[PDB]
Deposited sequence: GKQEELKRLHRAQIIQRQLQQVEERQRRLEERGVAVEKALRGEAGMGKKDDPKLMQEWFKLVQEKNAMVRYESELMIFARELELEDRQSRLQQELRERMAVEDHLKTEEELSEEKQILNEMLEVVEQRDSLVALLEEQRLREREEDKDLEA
């Protein structure tokens, strides 16, 4: 329960930031429309700045996507781990051939959740080492 609360809070923080990003992109969309309507000097210069600012927001949105997926995966993993801890309260000799292979299937699900998670951390690592430009 204390594990699951620190997670809900991180999810809200992320939502709140995606909402702020959406809105900042909405303002840039409108300035962008006005600048392009004005293309019937300083005006061409504004168009390039808007492109930069939209780019920045997209990079920020991307990071939030990654964090939000990683968070979904922590949740799935935690639940699979619960399903597995429950099954391991019973000694192994007291289980069927079938019961034992469901334990092995749960464990595979959990390992491929972990693999996806590590793949998203590697991508985020790449992005943070690339943003030092």
Subject >> Missing residue ranges, deposited sequence indexing starting at 1 >> reply: 1, 42-51, 145-151
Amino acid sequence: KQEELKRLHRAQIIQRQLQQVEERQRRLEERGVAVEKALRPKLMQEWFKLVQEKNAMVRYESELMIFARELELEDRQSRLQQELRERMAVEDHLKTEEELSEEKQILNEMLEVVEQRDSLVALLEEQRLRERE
From here on, numbers count along this sequence of modelled residues.
Original post:
In the PDB record, does 63-71 or 29-37 carry the higher mean Cα temperature factor?
Top reply: 29-37
Subject >> Greater mean Cα temperature factor according to the PDB record, 96-104 or 74-82 >> reply: 96-104
Original post:
Taking the C-alpha B-factors as the PDB entry records them, is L50 in the lowest, middle or highest third of its chain?
Top reply: middle
Original post:
If you rank every modelled residue in this chain by C-alpha B factor, which third holds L43: lowest, middle or highest?
Top reply: highest
